[PDB]
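A.B. asks: Starting off with a structure, shown below.
Taken together, the values in this text are just the output of simple stated rules run on the coordinates, not laboratory data. Cβ sites come from the backbone with ideal geometry, for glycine too, and all protein chains shown count toward neighbours.
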Amino acid sequence: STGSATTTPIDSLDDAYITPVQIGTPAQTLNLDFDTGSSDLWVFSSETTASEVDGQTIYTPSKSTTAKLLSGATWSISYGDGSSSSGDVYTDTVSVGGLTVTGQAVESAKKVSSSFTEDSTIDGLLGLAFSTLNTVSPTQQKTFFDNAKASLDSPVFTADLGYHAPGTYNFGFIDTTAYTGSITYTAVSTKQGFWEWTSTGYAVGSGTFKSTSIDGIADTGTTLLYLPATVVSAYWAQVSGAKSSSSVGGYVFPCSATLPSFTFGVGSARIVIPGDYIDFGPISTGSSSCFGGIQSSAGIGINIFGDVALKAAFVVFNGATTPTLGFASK
């Protein structure tokens, strides 16, 4: 089997992407944030504290003839941005782009933190990291991809995120029309539960490539590109007036600037992020200070190849017995 679904930016900055997902019988369609940096499929629901729902579409398990309470199971998750959610668990039928999994754990939120409530466009998350990170207790649950893998034509999914435009998540096949050149594959460590790999270096604009190993994660659920402070300083030093602002929380730059591109290495191959992809717009409405798309990871503990980086490539998440990542230009 295969599946193919369109993923759409939630706003004019590409802050996140939502993909329609069918849950239950008859189908209830929710728009979920596919997140290769976490491993829980959780939704706003009829159980969510009413004051914490503000415009989202909810899953109502009592209206699904295929829903079953997973007795005793609870979940609770906290993300790198400080947001969180928790609740109980049902199993139900879940379909993405024509690909159906029966018995998928659907984690029903009883509580969500303010940033989730405040974002009316995201009805939940669909985790695509390794199932060892799933938070369900006392019996850990598998991701949608893990449950689907054996049925897929090939044990892979691909992320093709657009710049200010829709893109595609495919399951079970590699669309050879969706990229240019060849796909370069690189080793993955699953020891932390992430799609963790080592970039071979970077360049700023037309500058020379610096060969240096940068360990990080391919994370569709993080907006920006977080890299070591040395790399990020080298980038922003090429932008007149750019500076790190402790009050804003990162590098800002004059909105009048034209930004240089940023290249990262994948083996001997190179992925170029155009300068425009690094512009996240005014820090507050009407400001002439703009927020940068490349930021320091120094306070995180891990480097993160988020959407800013991933949207410049066609990315293969290869879930073969030994997982690997593939990157192609497009």
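A.B. asks: Restricting to Cα atoms and excluding each atom paired with itself, what does the Kirkwood estimate give for segment 1-98 in Å? Can you show the working numbers first?
C.D. replies: On the way: mean 1/r = 0.0674 Å⁻¹.
With all distinct Cα pairs of segment 1-98 included, I get 14.8 Å.
A.B. asks: Once you've got the GNM for the chain with C-alpha springs shorter than 10 Å, pick whichever of 42, 195, 236 has the biggest mean-square fluctuation.
C.D. replies: 236
A.B. asks: I've got another one for you. So what is the 222 nm mean residue ellipticity for the chain from helices alone, if each DSSP H run of at least 4 adds -39500 (n - 2.57) and you divide by all residues, rounding to the nearest 500 deg cm²/dmol? The partial results should precede the final answer.
C.D. replies: On the way: 4 runs with 21 residues, N = 330.
It lands at -1500 deg cm²/dmol.
A.B. asks: Further question on the same structure: Per 5 Å bin from zero, what fraction in whole % of the C-alpha pairs of segment 161-202 is there, up to the bin with the longest pair?
C.D. replies: 5, 13, 15, 22, 26, 16, 3
A.B. asks: Do you know the relative contact order of segment 175-330, to the nearest whole percent, from alpha carbon pairs under 8 angstrom that are 6+ apart?
C.D. replies: Values: 341 pairs, mean separation 49.7, N = 156.
Contact order relative to length: 32 percent.
A.B. asks: Rank these for me by crowding, 107, 47, 196, going from fewest to most other beta carbons within 10 Å.
C.D. replies: Working: 107 29, 47 18, 196 23.
In increasing order of surrounding Cβ atoms, one gets 47, 196, 107.
A.B. asks: Turning to a different aspect of this structure: Among 10, 273, which comes first, then next, by fewest other beta-carbon atoms within 10 Å? Before the final figure, lay out the partial values.
C.D. replies: Values: 10 16, 273 24.
Ascending number of Cβ neighbours within 10 Å: 10, 273.
A.B. asks: When every alpha-carbon pair in segment 139-242 is counted, what percent end up more than 24 Å apart?
C.D. replies: On the way: 2252 of 5356 pairs.
Value for segment 139-242 (Cα pairs over 24 Å): 42 percent.
A.B. asks: For segment 180-224 and segment 128-177, what is the separation of their C-alpha centers, rounded to whole Å?
C.D. replies: What the calculation gives is 19 Å, centre to centre.
A.B. asks: Here is a follow-up. Under a cut-off of 23 Å between alpha-carbon atoms, report the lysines in cross-link reach of residue 311, not counting same-chain residues fewer than 8 places apart.
C.D. replies: The qualifying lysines are 210, 330.
A.B. asks: Over the Cα atoms of the chain, how large are the radius of gyration and the largest Cα-Cα distance (Dmax), in Å?
C.D. replies: When restricted to Cα atoms, the chain yields Rg and Dmax of 19.7, 60 Å.
A.B. asks: Relative contact order for the chain: what percent, with Cα pairs under 8 Å and sequence separation of 6 or more?
C.D. replies: On the way: 865 pairs, mean separation 61.7, N = 330.
This gives 19 percent for the chain.
A.B. asks: Given segment 278-330, what whole percent of its Cα pairs are spread farther than 19 Å? Walk me through the numbers on the way to the answer.
C.D. replies: Numbers: 710 of 1378 pairs.
Taking all Cα-Cα pairs of segment 278-330, the fraction more than 19 Å apart is 52 percent.
A.B. asks: Fully extended, how many nm does the chain gain between residue 76 and residue 324 (0.36 nm per residue separation, minus their Cα-Cα distance)? Spell out each step's value before the answer.
C.D. replies: Values: separation 248, 0.36 × 248 = 89.28 nm, distance 2.87 nm.
Gain on stretching residue 76 to residue 324: 86.4 nm.
A.B. asks: Take the Cα gyration tensor of segment 229-316, multiply each eigenvalue by 5, square-root it, and list the three semi-axes largest first, rounded to whole angstrom. Please list the in-between numbers first.
C.D. replies: Details: eigenvalues 102, 44, 30 Å².
Sorted largest first and rounded, they come to 23, 15, 12 Å.
A.B. asks: Still on this structure: Rounded to two decimals, what is the ratio between the C-alpha radius of gyration of segment 5-174 and 2.2 N^0.38 Å?
C.D. replies: Details: Rg = 14.9 Å, N = 170, 2.2 N^0.38 = 15.5 Å.
Segment 5-174 yields a ratio of 0.96.
A.B. asks: Can you tell me how much longer the chain between residue 83 and residue 180 gets when fully stretched, taken as 0.36 nm per residue apart minus their C-alpha distance, in nm with one decimal? Let's see the in-between values first.
C.D. replies: Details: separation 97, 0.36 × 97 = 34.92 nm, distance 3.70 nm.
Full extension from residue 83 to residue 180 adds 31.2 nm.
A.B. asks: Under Stokes-Einstein, with the Kirkwood radius over Cα pairs standing in for Rh, what whole-number D in µm²/s applies to segment 175-330 at 20 °C and 1.002 mPa s? Don't skip to the answer; put the middle values down first.
C.D. replies: Details: Rh = 16.1 Å.
My calculation gives 133 µm²/s for D.
A.B. asks: Would you kindly derive the ³J(HN,Hα) couplings of segment 52-68 from the backbone phi angles with the Karplus curve 6.51 cos²θ - 1.76 cosθ + 1.60 (θ = phi - 60°), listing them in order in whole Hz, with x for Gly and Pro?
C.D. replies: Result, ordered by residue: 9, 9, 9, x, 5, 7, 10, 8, 10, x, 5, 9, 10, 6, 9, 6, 9 Hz.
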